[PDB]
Amino acid sequence: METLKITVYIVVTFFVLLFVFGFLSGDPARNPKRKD
Amino acid sequence: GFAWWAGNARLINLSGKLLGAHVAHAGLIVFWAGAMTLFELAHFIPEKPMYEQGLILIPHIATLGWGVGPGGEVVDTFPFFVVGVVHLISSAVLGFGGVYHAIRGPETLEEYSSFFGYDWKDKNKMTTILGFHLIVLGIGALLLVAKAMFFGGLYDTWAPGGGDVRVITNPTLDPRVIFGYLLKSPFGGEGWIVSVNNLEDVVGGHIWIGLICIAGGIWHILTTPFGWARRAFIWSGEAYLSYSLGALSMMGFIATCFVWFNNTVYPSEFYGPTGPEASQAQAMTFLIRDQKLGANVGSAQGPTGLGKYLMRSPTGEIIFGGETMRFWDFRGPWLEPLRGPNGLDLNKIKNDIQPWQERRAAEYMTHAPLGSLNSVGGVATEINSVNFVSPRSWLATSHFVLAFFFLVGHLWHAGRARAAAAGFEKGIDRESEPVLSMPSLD
Amino acid sequence: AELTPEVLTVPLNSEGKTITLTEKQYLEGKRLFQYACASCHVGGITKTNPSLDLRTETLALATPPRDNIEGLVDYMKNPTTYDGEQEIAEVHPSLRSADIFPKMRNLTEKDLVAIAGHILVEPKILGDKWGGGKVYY
Amino acid sequence: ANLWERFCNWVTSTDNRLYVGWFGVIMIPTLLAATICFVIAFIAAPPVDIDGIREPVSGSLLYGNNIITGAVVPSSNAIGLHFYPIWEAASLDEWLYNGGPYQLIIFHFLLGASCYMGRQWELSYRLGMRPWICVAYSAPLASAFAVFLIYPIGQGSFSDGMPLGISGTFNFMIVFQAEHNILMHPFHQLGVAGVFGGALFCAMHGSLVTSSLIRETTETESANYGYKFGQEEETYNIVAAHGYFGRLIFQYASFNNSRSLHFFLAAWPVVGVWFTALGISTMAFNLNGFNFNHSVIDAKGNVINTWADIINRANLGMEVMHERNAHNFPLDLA
Amino acid sequence: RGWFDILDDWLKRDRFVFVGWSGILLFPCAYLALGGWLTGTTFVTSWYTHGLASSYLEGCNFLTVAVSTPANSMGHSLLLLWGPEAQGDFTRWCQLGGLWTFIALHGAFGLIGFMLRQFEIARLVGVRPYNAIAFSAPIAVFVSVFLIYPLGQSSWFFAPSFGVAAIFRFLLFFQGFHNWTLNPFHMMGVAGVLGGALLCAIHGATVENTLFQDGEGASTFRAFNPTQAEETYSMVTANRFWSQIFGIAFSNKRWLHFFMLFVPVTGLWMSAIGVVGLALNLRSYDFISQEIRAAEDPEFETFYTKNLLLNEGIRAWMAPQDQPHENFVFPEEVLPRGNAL
Amino acid sequence: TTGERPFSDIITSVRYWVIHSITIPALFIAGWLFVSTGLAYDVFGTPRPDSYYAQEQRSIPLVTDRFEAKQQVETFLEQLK
Amino acid sequence: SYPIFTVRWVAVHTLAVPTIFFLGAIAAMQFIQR
Ligand code: CLA
Ligand code: CLA
Ligand code: CLA
Ligand code: CLA
Ligand code: CLA
Ligand code: HEC
Ligand SMILES: CC1=C(/C=C/C(C)=C/C=C/C(C)=C/C=C/C=C(C)/C=C/C=C(C)/C=C/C2=C(C)CCCC2(C)C)C(C)(C)CCC1
Ligand SMILES: CC1=C(/C=C/C(C)=C/C=C/C(C)=C/C=C/C=C(C)/C=C/C=C(C)/C=C/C2=C(C)CCCC2(C)C)C(C)(C)CCC1
Ligand SMILES: CC1=C(/C=C/C(C)=C/C=C/C(C)=C/C=C/C=C(C)/C=C/C=C(C)/C=C/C2=C(C)CCCC2(C)C)C(C)(C)CCC1
Ligand code: OEY
Ligand SMILES: [Cl-]
Ligand SMILES: [Cl-]
Ligand SMILES: [Fe+2]
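Residue numbers (PDB author numbering), protein chains in the order written: chain I, 1 to 36; chain C, 32 to 473; chain V, 1 to 137; chain A, 11 to 344; chain D, 12 to 352; chain E, 4 to 84; chain F, 12 to 45.
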């Protein structure tokens, strides 16, 4: 059980930081008309 | 290029007229706070609990320790009047300043003062205004601190003796307690910040927050946004408006749950019992009655084989039986005397219940926050007679609704802000349709 | 049908004297009953102890009898258990206990008559529904 | 060309047959997890003590259920609003008795469905579209939040959130009417208006456009082949349609502007469903439908019944029977 | 130039409300069905048919007001004013529920008129008659719930009474007695109504967010012209959007709009069929396999068994008041009740 | 566009408000009186507050016959006289 | 030169006339006491 808990915590945190850093990487500039 | 029905969007880059909109609207807020209090007071009757009377503003004043004595017994109604009059009077001053700035004052400010004029895209000027308002907030939060410690104290429902107004001499400064709340789970038995159950922690947190707000207030005056911040945000009046609707909506959901669960800063003397509280009270009421008749309530096996009055929670604590087993996380001043370390204590139950405790439970049981839209108290199948709907239901529902729409407003303006900043809020360029220059998906 | 003297006529005491309320007194008492009592006694039940109700035939069997004005007005002053054996002003709103039940404070003696008037007239209009419970809603 | 920048470009690429995006990064795992747990549970989960009275309710196919009666049962009343992941149980067997699957499924679905809404914003940004299709979806998403999360919060227990099955759905909406008189609530009435209205306008708009297709085909072929994907000209005659509907009723009650007409189609069911989701959310704090039980009496004070009082007799029969073993005290306060 | 064509002429003139040959049926009957509902909700009781108050004059409000069904004793009588029941007396007619049949029949004939109107206007303007066909879905619902269903039963008494809460009582009746939610013909109705509402919202929101920029200002409404041949939103950007969000998307505007016709029309038709079954008490009330097991196995419980307990609660608690003519007397001991409640 | 006179022009006109400032209160007063005088009770058969039940009666006077129905309600009414 | 009395006139007054009247009766009704 304790092993599963760690695994899930790890998996979650991973996707969360993917998300936070995904949007911190110039997201306003990912559009087809005007980029900054 | 805006319609009449979006005509307030015609104030985006008219800084002077937009100042008046905000100050005229600030007057409306003070007006209502003033008139409403006068209305509630005009109808107050001290013989009756506040929560049989549809009061929502007076409960906020009595909570700060004005006009109440031990128990919540109303002692002096003059502080309620003084709060109403001053708020009402202050709204003309804002009303006056709002109409002046909307209609007669300069349309735009940046020609009259480099100080009061702003451009939304000036990231430096904007954080400076942020900084000023942060200090004002920090000041205000310390005001509550200052009341609690130097100007009378606050109503403390936990005080020994029924509750009483009490000066807070030892605010909790230990950061492991203060920020511990921010990391408690929001689920049952934990409650996130909603579970705060003592005024020392309340006062202490406002020392922290007022310091932080002044700290940051100064920060944002002195700094400009870093590059990683500059690249992640949209810098435009609508964009900041949306950011704020998001935060207000989130705050509104929090308040919804605060008034529905918390019986410390929303004491039940004033607001009515909580859902869980009333449910626990019913179990208390019939335990008390049946015991008087000679029932052995430790040992009484109910229909299901679970104890009829008392059972265990999933972690073993002894708790009230019946459906209210869901509500066993409840804590209130009238119940905690009965609790030992294993939960409810069977010897205290057989020996120590007091008349005042019986009385409280009978009252809270018959004042549970259930009620119809037209203010018939009780379950929905109940007949007319009792004109009662709990302040907690009126406050909980109204703010879910408001919270909900401001999240729509956040999505509404956030998305518009992204599209107008990129240049396609008005529709798709026929001669440059992005999708027609992309390859087909298949 | 209508609110006539016969129905407005109730017993004053156990001797069998009678008194005839005015319509005005009837509406007065109904009002005071909702203000001071219905939070536990809507419809003539007792939500916090359903075994004891306000049906006239229950009051008649109370010790002392309470199917009359005198008995009812006395109970609002010094309530007892159904057998009469212990005073219970501490857990039941009463004038003897108005310090701790603040609503019972502004009730005058005539107010008590009207309240007792209502309790005794209502079973005569609603019949079984008074103190019957949800089965008769 | 840096390894992160290339990942970011795949995530946000307009070239993937299914768009991913930063929102898609949370949505995909949480929906795959809720989906897979649901499919397994529906078929094979053992019975669940939903009401915490040690009376387990069988919900899956292998335990004697069919497509109509099966459900993933909500978690035990004994848990109330406590978090109950797998790792808090002494074993999967315990977790299954107390209804852990339901919590796992609803939290992951609510999350992935939240990100679904946001993913709709996102792709709209990447394609140069206007942004608000997602505002429309929030009406159903808000509905799912009310019955799976908001209602349990205010009643204090997930045992009272909506079951994940067809008969469980009806059970939830029967008990709801007994406890809240929801038919007599004005926000449910606006939901019915939103929902009936939506079906009406769908059929109207569909029949008005269909009525005014321009002849581009013979009798031996579908009229549908008169439209070619991406053609620039409209495929029906809007003034002939306005001409017919103006006269069916009267001129000014009919749109001749297709932008207002389509905006109207979107606003009506969205707004009405916001309200009826708000209705569930405020009845979560027990602000119930109108109560006119005994509001009409005669000169003597007899009760003169209306249809409200009949409604109440049926609400009573729902009340006294639901969860027949779970109540020990006379009022069902939650 | 005979008189018949002179009248054709005048009926079909272009005026603020078009009249037509269908007006002759439509207008009297629509005005009378409505005049009677407002007449009866404002002034008329249900005391003698149902034991209910039901007008503003009696003390009811807009939710509880209704024109109620006739007494069960009336059977399926047409209840004409001049008929053997009311014997010409207007006052007695009203007290017997005469206005219920009045509303229901002028209603039926008015719906005919309306649908003939949709046929009539469409022929003159030169459009296909698909709005008239769609209107069959409402007609079928009306005739099946208000006429066919009680004609199958003992009497008009058991049809819907015309009123908000009265209709609410009818919804609960069908749950307790017919277990109507379990009926697959209702479920197909639900998927069509909600499917329609879905389709309605999603198509309105797609168009509004795939618009071309044809004006300079922020109100996109100004930039449509009713006469323009050019389409006003991009089917190409809509199709790509939904293909990538949802996997499939429309590609054919004619199929799309025909599907908006098809979905809600068909669902109403399916529910009409179901209610026809219920005229006859031909319910999908039970699953036999479930009952056999639960009878033999008291540990066996599902949401199917729980819902029938609730149905059993509704029947015994509402029946005496709801069916006064049956003189149901249910002493307390026989009422089904769970513990404590 | 159909040749009738436009609504926006009829209800800004003096003549219109000169007629209807009479006809609209006359109707409101007319209907009021229909109630205040009691005629509405009589025209329609609707029981007054004092005549739903006979004094000590707690029985609905429910119609139970099709072809004697008229005479049935008439008998109930005389039970209130 | 418009007409005063049209089909439209009739339709309008067919509804309106009894509306106001009905509003009169329902107004009076709020003062009825049991
Ligand atoms: C701080 C809050 C805030 C602020 C400052 C704004 C500001 C603005 N909004 Mg946003 N908005 C908000 C919250 C806010 N909004 C919320 C919560 C939502 C969700 C509903 C929206 C949704 C929204 C939309 C959909 C649109 C705007 C638009 C606009 C702009 C023009 C608005 C205008 O002239 O309206 C004028 C006001 C009206 C026409 C009146 C509306 C009245 C409401 C709907 C009725 C409420 C009645 C009340 C509940 C009960 C009545 C009681 C009875 C007695 C009368 C302006 C910048 C427009 C825009 O994008 O422009 C850029 C636009 O199209 N807003
Ligand atoms: C909180 C509510 C609020 C506020 C504060 C404002 C404020 C404003 N609006 Mg918006 N507006 C609102 C709601 C609001 N609006 C709503 C609900 C709608 C939808 C109907 C609109 C639609 C709208 C449009 C369509 C336009 C505005 C415009 C404006 C601005 C210019 C007004 C002007 O010069 O008018 C002049 C008005 C008058 C001379 C009439 C008298 C008005 C006064 C203020 C009445 C006050 C009475 C009060 C009791 C007196 C107290 C006095 C005491 C304090 C001394 C102004 C700042 C305009 C703008 O941006 O201009 C460029 C514009 O075009 N508004
Ligand atoms: C946030 C609100 C706000 C903002 C940003 C402004 C900003 C401005 N005002 Mg406006 N104004 C406001 C509120 C506001 N005012 C109010 C409330 C009123 C009515 C009382 C007015 C009435 C008003 C008039 C009559 C005039 C202006 C003018 C001006 C401009 C010049 C001000 C100046 O030099 O004062 C410099 C600074 C001072 C004089 C210091 C004032 C000291 C204050 C009162 C103490 C602050 C204490 C605290 C923060 C307030 C809260 C107390 C409360 C909580 C109890 C400037 C753009 C002038 C203008 O543009 O003319 C063309 C002008 O003629 N204002
Ligand atoms: C009204 C309040 C307010 C507002 C609007 C801003 C706005 C801003 N701040 Mg300032 N700030 C404030 C208060 C505020 N600040 C206060 C009081 C302080 C003192 C601590 C600071 C200290 C501060 C610093 C030191 C810096 C900023 C920076 C910034 C900018 C970057 C914002 C950003 O990326 O955050 C978005 C947040 C993140 C990227 C990460 C947050 C991660 C947390 C964990 C999210 C949690 C959310 C969760 C769902 C809810 C539960 C809460 C949890 C703790 C339990 C932006 C202009 C930056 C800047 O550019 O300054 C010049 C910067 O470096 N702020
Ligand atoms: C024009 C459309 C129309 C339609 C279709 C109906 C239809 C109906 N009405 Mg409604 N009604 C209408 C207009 C209409 N009404 C108008 C304008 C009024 C107000 C005056 C009413 C007032 C009204 C009342 C008060 C009642 C009805 C009733 C009825 C129902 C019974 C009809 C019946 O038995 O007729 C039978 C008779 C015919 C169908 C006539 C046929 C004509 C024949 C073919 C000609 C005979 C010519 C003659 C013999 C030759 C010369 C003889 C010589 C002496 C000169 C039926 C649903 C009743 C109802 O709803 O009960 C529930 C009822 O009580 N109607
Ligand atoms: C709940 C807080 C109550 C309120 C408010 C009122 N009453 Fe009550 N009543 C309550 C209880 C728990 C009991 C039982 C007492 C016992 O014997 O243990 C009662 C009893 C009565 C009776 C006696 C009925 C009988 O059958 O003998 C009467 C007549 C009565 N109470 C009257 C009464 C009135 C008039 C009230 C308002 C002024 C009132 N009660 C308030 C609980 C509560
Ligand atoms: C701009 C605009 C707007 C807005 C405005 C506003 C909103 C304003 C405000 C206003 C305001 C905000 C006002 C207020 C004021 C106040 C006042 C003026 C007060 C008074 C006072 C007094 C006088 C007092 C008295 C008293 C006392 C002292 C005691 C007790 C008794 C009494 C109460 C009596 C609008 C939307 C309209 C429109 C457009 C434009
Ligand atoms: C007073 C008080 C207290 C205290 C409290 C406190 C101290 C608090 C704090 C709080 C805080 C401290 C908060 C925080 C916040 C944060 C947030 C809320 C954030 C958010 C974020 C976001 C929103 C993000 C976004 C994004 C992303 C994610 C990505 C990129 C892009 C962007 C940026 C957009 C207590 C309890 C003791 C008690 C009572 C009183
Ligand atoms: C039956 C009959 C008949 C007929 C009759 C009629 C035809 C009637 C009519 C009537 C009518 C025709 C009436 C009407 C009325 C109505 C009313 C009653 C109204 C009201 C309304 C209101 C109240 C509204 C209001 C409002 C609201 C509420 C909200 C929104 C807005 C408004 C403002 C709209 C005859 C003779 C043949 C004989 C036989 C029998
Ligand atoms: O409605 Mn009736 O109330 Ca809400 O709890 Mn008490 O009973 Mn049980 O758990 Mn599901 O259900
Ligand atoms: Cl159930
Ligand atoms: Cl219980
Ligand atoms: Fe369309």
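Think of the CB as a built atom: it goes at the ideal place given N, C-alpha and C, for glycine as much as any other residue.
Counting only beta-carbon atoms, is residue 47 of chain A nearer than 8 Å to chain I? As a first step, residue 47 of chain A is located in the fourth sequence; it is residue number 37 there, counting from the start. For residue 47 of chain A, the answer is no, since every Cβ of chain I falls outside 8 Å of its Cβ.
Residue span of the alpha helix (DSSP H) that contains residue 198 of chain D, given as start and end: Translated into the one-based positions of the fifth sequence, residue 198 of chain D becomes position 187. Residue 198 of chain D -> alpha helix (DSSP H) spans 195-219.
CB contact flag (residue 36 of chain F, residue 47 of chain E, <8 Å): Reading the seventh sequence from its first residue, position 25 is the one you call residue 36 of chain F. Reading the sixth sequence from its first residue, position 44 is the one you call residue 47 of chain E. Cβ atoms of residue 36 of chain F and residue 47 of chain E: not closer than 8 Å.
I'd like the list of long-range same chain contacts for residue 48 of chain C, defined as Cβ closer than 6 Å, with 5 residues on each side in sequence excluded. Here residue 48 of chain C is taken as the residue at index 17 of the second sequence, counted from 1. 42, 133 and 138.
Note down, in chain order, all residues in the region 62-94 of chain D with a beta-carbon under 7 Å from any beta-carbon belonging to chain E. 62, 66, 68, 69, 82, 84, 85, 86 and 88
Quick one, which residues of the region 22-36 of chain F are near chain E if we go by CB-CB under 7 Å, in chain order? 28, 31, 32, 33, 34, 35 and 36
Could you tell me the alpha carbon to alpha carbon distance between residue 126 of chain V and residue 304 of chain A, rounded to whole angstroms? Locating residue 126 of chain V in the third sequence gives position 126, where the first residue counts as 1. Locating residue 304 of chain A in the fourth sequence gives position 294, where the first residue counts as 1. So the alpha carbons of these two residues sit roughly 11 Å apart.
Just the residues with CB closer than 5 Å to a heavy atom of ligand 12, in chain order, which are they? C:353, C:354, A:337, A:338 and A:339
As assigned by DSSP and simplified to three states, the class of residue 214 of chain A: Here the question's residue 214 of chain A lines up with position 204 in the fourth sequence. Note: residue 214 of chain A maps to helix in three-state DSSP.
Measure the C-alpha to C-alpha separation of residue 66 of chain E and residue 58 of chain D and round it to an integer number of angstroms. Here residue 66 of chain E corresponds to residue number 63 of the sixth sequence, with the count starting at 1. Here residue 58 of chain D corresponds to residue number 47 of the fifth sequence, with the count starting at 1. Those two C-alpha atoms are separated by around 10 Å.
For residue 196 of chain A, which of helix, strand or coil comes out of DSSP? Along the fourth sequence, read from residue 1 onward, the residue named residue 196 of chain A stands at position 186. Three-state result, residue 196 of chain A: helix.
Specify, as a first and last residue, the run of the beta strand (DSSP E) that residue 94 of chain A falls within. In the fourth sequence, residue 94 of chain A corresponds to position 84, counting from 1. Neither: residue 94 of chain A is in no beta strand (DSSP E) and is coded neither H nor E.
CB of residue 157 of chain D within 8 Å of CB of residue 281 of chain D, strictly: Taking the first residue of the fifth sequence as 1, we reach residue 157 of chain D at position 146. Taking the first residue of the fifth sequence as 1, we reach residue 281 of chain D at position 270. No, the pair does not count as a contact, with Cβ atoms beyond the cut-off.
Nearest to residue 266 of chain C by CA position, among C:460, C:384 and C:452, is which residue? Sequence index remark: in the second sequence, residue 266 of chain C carries index 235 (1-based). That would be C:452, whose Cα lies nearest to the Cα of residue 266 of chain C.
Within the present structure, is the beta-carbon of residue 92 of chain A separated from the nearest heavy atom of ligand 13 by less than 7 Å? The count along the fourth sequence starts at 1 and reaches residue 92 of chain A at position 82. Because no heavy atom of ligand 13 lies under 7 Å away, the Cβ of residue 92 of chain A does not count as near it: no.
Out of C:205, C:161 and C:358, which has the shortest C-alpha to C-alpha gap to residue 221 of chain C? For the purposes of this step, residue 221 of chain C is taken as the residue at position 190 of the second sequence. For the residues C:205, C:161 and C:358, the minimum Cα distance to residue 221 of chain C belongs to C:358.
Take every Cβ of the region 140-160 of chain C, pair it with every Cβ of the region 77-86 of chain C, and state whether three or more of those distances are shorter than 8 Å. no
Ligand 2 and residue 63 of chain C: does any heavy atom of the ligand fall closer than 7 Å to the residue's C-beta? Residue mapping note: residue 63 of chain C aligns to position 32 of the second sequence, counting from 1. Residue 63 of chain C Cβ: outside cutoff for every heavy atom of ligand 2.
Is there a Cβ of chain A sitting closer than 8 Å to that of residue 87 of chain V, yes or no? To locate residue 87 of chain V, count along the third sequence from 1; it is residue 87. It does not: the Cβ of residue 87 of chain V has no partner Cβ on chain A nearer than 8 Å.
Does the Cβ of residue 27 of chain C lie closer than 7 Å to at least one heavy atom of ligand 8? The first residue shown for chain C is 32 and the last is 473, placing residue 27 of chain C beyond what the model contains.
Just checking residue 169 of chain C against ligand 8 - is the residue's beta carbon closer than 7 Å to any of the ligand's heavy atoms? The count along the second sequence starts at 1 and reaches residue 169 of chain C at position 138. No; taking the cut-off as 7 Å, the Cβ of residue 169 of chain C has no heavy atom of ligand 8 nearer than that.
Flag residue 400 of chain C as yes if its beta-carbon sits less than 8 Å from any beta-carbon of chain A, otherwise no. Taking the second sequence and counting its residues from 1, the one referred to as residue 400 of chain C is at position 369. Closer than 8 Å to some Cβ of chain A, the Cβ of residue 400 of chain C qualifies, so yes.
I'd like to confirm something about residue 474 of chain C: is its beta-carbon nearer than 7 Å to some heavy atom of ligand 8, or not? This structure leaves residue 474 of chain C out entirely; chain C is present only between 32 and 473.
First and last residue of the alpha helix (DSSP H) that includes residue 234 of chain C? As a working mapping, residue 234 of chain C is identified with position 203 in the second sequence. Its alpha helix (DSSP H) spans residues 230-253.
Ends of the beta strand (DSSP E) at residue 342 of chain C? Position 311 of the second sequence, counting from 1, holds the residue named residue 342 of chain C. Note, residue 342 of chain C: beta strand (DSSP E), 341-343.
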